[PDB]
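Undergrad: Here our numbering is used: the first residue of the sequence shown is 3, the next is one more, and so on.
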Amino acid sequence: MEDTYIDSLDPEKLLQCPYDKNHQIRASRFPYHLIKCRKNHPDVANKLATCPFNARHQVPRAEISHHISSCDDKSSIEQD
Ligand SMILES: [Zn+2]
Ligand SMILES: [Zn+2]
Numbered sequence: 003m004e005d006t007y008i009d010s011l012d013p014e015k016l017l018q019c020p021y022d023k024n025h026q027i028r029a030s031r032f033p034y035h036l037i038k039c040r041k042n043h044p045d046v047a048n049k050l051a052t053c054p055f056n057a058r059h060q061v062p063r064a065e066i067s068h069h070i071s072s073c074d075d076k077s078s079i080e081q082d
């Protein structure tokens, strides 16, 4: 790792951020951005839970409880 032949001949690729598409962070710095960026997004920081009524309904684990009561008869319309 201190050799005379450096790896990655690419100018360091930019990885897209799952938290926000406006974030393009270099591969080596991406893991760090992955850590900090979720802390700025509690919705994803608390992870997503799968609705037992519908697999498309992935909600923050803090809101899953509220979503269950709001998805009793299903058809929970959120931003749709
Ligand atoms: Zn980000
Ligand atoms: Zn649901």
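Note that beta-carbon positions come from the ideal geometry of N, C-alpha and C, so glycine has one too.
Taking only heavy atoms of ligand 2 into account, decide whether any of them is closer than 7 Å to the Cβ of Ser71.
TA: No, the Cβ of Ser71 stays beyond 7 Å of every heavy atom of ligand 2.
Undergrad: Where are the alpha helix (DSSP H) runs, 4 residues long or more, that stay fully inside the stretch 12 to 72, in chain order?
TA: 32 to 41, 44 to 47 and 66 to 71, all fully within the stretch 12 to 72.
Undergrad: Could you tell me whether the Cβ atoms of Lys76 and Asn56 are closer together than 8 Å?
TA: Yes, these two residues count as a Cβ contact at 8 Å.
Undergrad: Would you call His59 buried or exposed, if buried means 16 or more other Cβ atoms sit within 10 Å of its Cβ?
TA: When all chains shown are included, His59 counts as buried.
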